[PDB]
Amino acid sequence: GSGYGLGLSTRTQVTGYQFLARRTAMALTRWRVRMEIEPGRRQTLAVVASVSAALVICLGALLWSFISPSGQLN
Amino acid sequence: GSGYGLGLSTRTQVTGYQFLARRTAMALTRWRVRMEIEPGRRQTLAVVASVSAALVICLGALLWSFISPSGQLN
Amino acid sequence: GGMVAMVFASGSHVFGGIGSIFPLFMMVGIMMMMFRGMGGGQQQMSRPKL
Amino acid sequence: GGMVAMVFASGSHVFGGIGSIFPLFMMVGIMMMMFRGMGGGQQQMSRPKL
């Protein structure tokens, strides 16, 4: 076959595939390809922003632990 | 009529007035308008430089006042 | 800043003078890497002009 | 320079390490504006050329 298997690929092919995936994905929910604006991207990025903020706070707390531990009594 | 009263104005108009003000000021003392060189500007700038230099030395005095005061007796 | 601050609370206080020159010179490099992305062109479409 | 020097005469000596990074970094910001201030060029006129 021509496209079967597990052969090599290039960077331009990676974005190209993801473009068809978004376009066919919204086609299942909105039934139109006009795609004036692409809200799927934004809804996805918003999740990424949420998790990143959580990791930043988590790391911010660890920094506080070294600045002021539990054994400092009296 | 037009031009009278406290209407609005723009930044290009502020320089325009100063240009006419200098040109007429020159005509009263030199009776000619060629203005190959514009001496009013320089003579004015010389005064501004004078005032600035005085203030700079004055602050220098204030600077030394904190560095080596007179209150350090006994 | 967090990596630097963390050392002072531990009391090593290795910074100041000789030691401080590293983060000082290092800080310039990060700023330099970001500004390089800014020089992309010579055109304007600012809201005021539209 | 005066703003910094006035603190030393008081003896607080708050500068060094942690404190010095502020005036140290702050000094660069002033120089960086004058560079942007001298913008343009390449007209190429000069006394030796005339």
# chains A, B, ... in the order shown; residues from 1 in each chain; ligands from 1
call {"tool": "calpha_fit_rmsd", "arguments": {"fixed": "chain B", "moving": "chain A"}}
result
0.8 Å
call {"tool": "interface_residues", "arguments": {"of": "chain C", "to": "chain D", "cutoff": "9 Å", "atoms": "only C-alpha atoms", "output": "list in words"}}
result
residues 15, 16, 17, 19, 20 and 24 of chain C
call {"tool": "calpha_fit_and_write", "arguments": {"fixed": "chain D", "moving": "chain C", "output": "tab-separated table (two decimals) with N, CA, C and O atoms, in the first residue's frame"}}
result
chain	number	residue	atom	x	y	z
C	1	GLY	N	22.88	58.23	42.09
C	1	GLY	CA	24.04	58.00	42.95
C	1	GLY	C	23.93	58.76	44.26
C	1	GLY	O	24.31	58.26	45.32
C	2	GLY	N	23.38	59.97	44.21
C	2	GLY	CA	23.19	60.76	45.42
C	2	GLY	C	22.19	60.10	46.36
C	2	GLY	O	22.41	60.05	47.57
C	3	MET	N	21.09	59.59	45.82
C	3	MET	CA	20.09	58.92	46.64
C	3	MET	C	20.70	57.70	47.34
C	3	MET	O	20.46	57.46	48.53
C	4	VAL	N	21.52	56.94	46.62
C	4	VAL	CA	22.19	55.76	47.16
C	4	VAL	C	23.21	56.16	48.22
C	4	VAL	O	23.19	55.64	49.34
C	5	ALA	N	24.09	57.09	47.89
C	5	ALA	CA	25.14	57.53	48.81
C	5	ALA	C	24.56	58.06	50.11
C	5	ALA	O	25.10	57.79	51.19
C	6	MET	N	23.48	58.82	50.03
C	6	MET	CA	22.84	59.39	51.22
C	6	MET	C	22.45	58.33	52.26
C	6	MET	O	22.46	58.61	53.46
C	7	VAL	N	22.08	57.12	51.83
C	7	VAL	CA	21.70	56.07	52.77
C	7	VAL	C	22.91	55.55	53.57
C	7	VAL	O	22.79	55.24	54.76
C	8	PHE	N	24.08	55.43	52.94
C	8	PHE	CA	25.27	54.93	53.66
C	8	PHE	C	25.72	55.86	54.78
C	8	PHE	O	26.06	55.38	55.86
C	9	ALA	N	25.73	57.16	54.56
C	9	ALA	CA	26.15	58.06	55.63
C	9	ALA	C	25.21	58.00	56.83
C	9	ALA	O	25.63	58.32	57.95
C	10	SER	N	23.96	57.59	56.64
C	10	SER	CA	23.01	57.46	57.73
C	10	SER	C	23.22	56.17	58.52
C	10	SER	O	22.65	56.01	59.60
C	11	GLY	N	24.03	55.25	57.99
C	11	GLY	CA	24.38	54.00	58.64
C	11	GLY	C	23.43	52.84	58.45
C	11	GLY	O	23.65	51.79	59.07
C	12	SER	N	22.38	52.98	57.65
C	12	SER	CA	21.48	51.85	57.46
C	12	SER	C	22.22	50.73	56.72
C	12	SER	O	22.04	49.55	57.03
C	13	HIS	N	23.06	51.11	55.75
C	13	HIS	CA	23.89	50.19	54.94
C	13	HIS	C	23.09	48.99	54.44
C	13	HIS	O	23.59	47.87	54.37
C	14	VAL	N	21.83	49.24	54.10
C	14	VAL	CA	20.90	48.22	53.64
C	14	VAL	C	21.35	47.57	52.33
C	14	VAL	O	20.98	46.43	52.04
C	15	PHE	N	22.18	48.26	51.55
C	15	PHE	CA	22.68	47.73	50.28
C	15	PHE	C	23.71	46.62	50.48
C	15	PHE	O	24.21	46.36	51.58
C	16	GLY	N	24.01	45.97	49.35
C	16	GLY	CA	24.87	44.80	49.27
C	16	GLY	C	24.01	43.56	49.12
C	16	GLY	O	23.08	43.32	49.89
C	17	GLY	N	24.34	42.74	48.11
C	17	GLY	CA	23.59	41.53	47.80
C	17	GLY	C	22.16	41.76	47.34
C	17	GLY	O	21.92	42.45	46.34
C	18	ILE	N	21.20	41.17	48.04
C	18	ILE	CA	19.78	41.27	47.70
C	18	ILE	C	19.39	42.71	47.36
C	18	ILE	O	18.82	42.99	46.30
C	19	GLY	N	19.69	43.65	48.25
C	19	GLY	CA	19.28	45.03	48.05
C	19	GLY	C	19.86	45.70	46.82
C	19	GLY	O	19.15	46.37	46.06
C	20	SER	N	21.16	45.55	46.59
C	20	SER	CA	21.85	46.16	45.45
C	20	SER	C	21.30	45.77	44.07
C	20	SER	O	21.52	46.52	43.11
C	21	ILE	N	20.60	44.64	43.94
C	21	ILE	CA	20.07	44.20	42.64
C	21	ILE	C	19.08	45.21	42.02
C	21	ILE	O	19.01	45.34	40.80
C	22	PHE	N	18.34	45.96	42.85
C	22	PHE	CA	17.41	46.98	42.34
C	22	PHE	C	18.11	48.11	41.60
C	22	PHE	O	17.91	48.24	40.38
C	23	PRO	N	18.95	48.92	42.23
C	23	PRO	CA	19.63	49.99	41.50
C	23	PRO	C	20.44	49.44	40.35
C	23	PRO	O	20.59	50.11	39.32
C	24	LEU	N	20.96	48.22	40.48
C	24	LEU	CA	21.72	47.61	39.40
C	24	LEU	C	20.82	47.43	38.18
C	24	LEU	O	21.16	47.90	37.08
C	25	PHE	N	19.68	46.79	38.34
C	25	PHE	CA	18.76	46.58	37.22
C	25	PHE	C	18.16	47.92	36.78
C	25	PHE	O	17.94	48.15	35.59
C	26	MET	N	17.89	48.80	37.74
C	26	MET	CA	17.32	50.12	37.46
C	26	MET	C	18.24	50.96	36.57
C	26	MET	O	17.76	51.66	35.66
C	27	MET	N	19.54	50.91	36.81
C	27	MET	CA	20.51	51.70	36.05
C	27	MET	C	20.45	51.37	34.56
C	27	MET	O	20.58	52.25	33.71
C	28	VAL	N	20.25	50.09	34.22
C	28	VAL	CA	20.15	49.65	32.83
C	28	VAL	C	18.96	50.30	32.13
C	28	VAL	O	19.05	50.69	30.96
C	29	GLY	N	17.84	50.44	32.83
C	29	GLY	CA	16.65	51.05	32.24
C	29	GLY	C	16.85	52.49	31.79
C	29	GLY	O	16.41	52.87	30.71
C	30	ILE	N	17.53	53.29	32.59
C	30	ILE	CA	17.77	54.68	32.22
C	30	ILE	C	18.65	54.74	30.97
C	30	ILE	O	18.36	55.49	30.02
C	31	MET	N	19.72	53.96	30.93
C	31	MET	CA	20.60	53.91	29.76
C	31	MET	C	19.83	53.47	28.52
C	31	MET	O	20.03	54.01	27.43
C	32	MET	N	18.95	52.49	28.68
C	32	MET	CA	18.13	51.97	27.58
C	32	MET	C	17.17	53.02	27.02
C	32	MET	O	16.92	53.06	25.81
C	33	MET	N	16.62	53.87	27.88
C	33	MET	CA	15.71	54.92	27.45
C	33	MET	C	16.41	55.99	26.59
C	33	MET	O	15.81	56.51	25.65
C	34	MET	N	17.67	56.30	26.89
C	34	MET	CA	18.44	57.30	26.14
C	34	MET	C	18.91	56.79	24.78
C	34	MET	O	18.78	57.49	23.77
C	35	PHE	N	19.44	55.58	24.74
C	35	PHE	CA	19.95	54.99	23.50
C	35	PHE	C	18.88	54.82	22.44
C	35	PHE	O	19.17	54.91	21.24
C	36	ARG	N	17.64	54.58	22.85
C	36	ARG	CA	16.53	54.46	21.90
C	36	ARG	C	16.36	55.68	21.01
C	36	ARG	O	15.85	55.55	19.89
C	37	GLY	N	16.75	56.87	21.46
C	37	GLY	CA	16.66	58.06	20.62
C	37	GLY	C	17.71	58.16	19.51
C	37	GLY	O	17.54	58.94	18.58
C	38	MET	N	18.78	57.36	19.61
C	38	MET	CA	19.93	57.37	18.68
C	38	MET	C	19.72	56.73	17.30
C	38	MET	O	20.38	57.13	16.34
C	39	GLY	N	18.85	55.73	17.16
C	39	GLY	CA	18.64	55.03	15.88
C	39	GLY	C	17.81	55.64	14.76
C	39	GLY	O	17.21	54.91	13.96
C	40	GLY	N	17.80	56.96	14.66
C	40	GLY	CA	17.00	57.79	13.76
C	40	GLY	C	17.31	57.76	12.26
C	40	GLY	O	16.59	58.45	11.53
C	41	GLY	N	18.31	57.05	11.75
C	41	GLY	CA	18.56	57.17	10.32
C	41	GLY	C	19.80	56.45	9.82
C	41	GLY	O	20.55	55.82	10.57
C	42	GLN	N	19.99	56.55	8.47
C	42	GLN	CA	21.12	55.99	7.71
C	42	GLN	C	21.65	56.97	6.65
C	42	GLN	O	21.48	56.78	5.45
C	43	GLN	N	22.31	58.04	7.09
C	43	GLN	CA	22.90	59.00	6.16
C	43	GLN	C	24.04	59.70	6.89
C	43	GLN	O	24.08	59.72	8.12
C	44	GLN	N	24.98	60.26	6.11
C	44	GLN	CA	26.12	60.91	6.72
C	44	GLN	C	26.45	62.26	6.09
C	44	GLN	O	26.39	62.43	4.87
C	45	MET	N	26.79	63.22	6.97
C	45	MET	CA	27.17	64.58	6.61
C	45	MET	C	28.28	65.08	7.54
C	45	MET	O	28.37	66.28	7.84
C	46	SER	N	29.09	64.15	8.04
C	46	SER	CA	30.22	64.40	8.91
C	46	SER	C	31.21	65.40	8.30
C	46	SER	O	31.43	65.41	7.08
C	47	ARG	N	31.82	66.24	9.14
C	47	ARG	CA	32.80	67.22	8.68
C	47	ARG	C	33.86	66.61	7.77
C	47	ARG	O	34.13	67.19	6.71
C	48	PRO	N	34.44	65.47	8.09
C	48	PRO	CA	35.45	64.86	7.21
C	48	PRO	C	35.01	64.64	5.78
C	48	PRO	O	35.83	64.79	4.86
C	49	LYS	N	33.75	64.32	5.54
C	49	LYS	CA	33.27	64.05	4.18
C	49	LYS	C	32.95	65.33	3.44
C	49	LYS	O	33.14	65.40	2.23
C	50	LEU	N	32.45	66.34	4.14
C	50	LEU	CA	32.19	67.61	3.48
C	50	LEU	C	33.50	68.24	3.02
C	50	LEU	O	33.59	68.74	1.90
call {"tool": "select_by_dssp", "arguments": {"residues": "chain A", "states": "helix (DSSP H, G or I)", "output": "VMD selection string"}}
result
chain A and resid 11 to 30 39 to 67
call {"tool": "interface_residues", "arguments": {"of": "chain A", "to": "chain C", "cutoff": "9 Å", "atoms": "only C-alpha atoms", "output": "list in words"}}
result
residues 60, 63, 64, 66, 67 and 68 of chain A
call {"tool": "residues_around", "arguments": {"residues": "range 15-22 of chain B", "least_positions_apart": "5", "cutoff": "9 Å", "atoms": "only C-alpha atoms", "output": "PDB file with N, CA and C atoms, in the first residue's frame"}}
result
ATOM      1  N   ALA B  27      10.731  91.284  13.912  1.00  0.00           N
ATOM      2  CA  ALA B  27      10.456  92.460  13.088  1.00  0.00           C
ATOM      3  C   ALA B  27      10.456  93.765  13.878  1.00  0.00           C
ATOM      4  N   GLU B  38      18.176  82.333  13.767  1.00  0.00           N
ATOM      5  CA  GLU B  38      17.109  82.717  14.676  1.00  0.00           C
ATOM      6  C   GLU B  38      17.625  82.912  16.098  1.00  0.00           C
ATOM      7  N   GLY B  40      16.644  84.709  18.686  1.00  0.00           N
ATOM      8  CA  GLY B  40      15.779  84.757  19.853  1.00  0.00           C
ATOM      9  C   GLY B  40      15.799  83.450  20.620  1.00  0.00           C
ATOM     10  N   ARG B  41      15.754  82.344  19.898  1.00  0.00           N
ATOM     11  CA  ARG B  41      15.768  81.021  20.504  1.00  0.00           C
ATOM     12  C   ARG B  41      16.999  80.844  21.391  1.00  0.00           C
TER      13      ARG B  41
END
call {"tool": "atom_distance", "arguments": {"atom1": "CA of residue 42 in chain A", "atom2": "CA of residue 26 in chain A"}}
result
12.9 Å
call {"tool": "atom_distance", "arguments": {"atom1": "CA of residue 53 in chain B", "atom2": "CA of residue 65 in chain B"}}
result
19.0 Å
call {"tool": "atom_distance", "arguments": {"atom1": "CA of residue 45 in chain B", "atom2": "CA of residue 9 in chain B"}}
result
26.4 Å
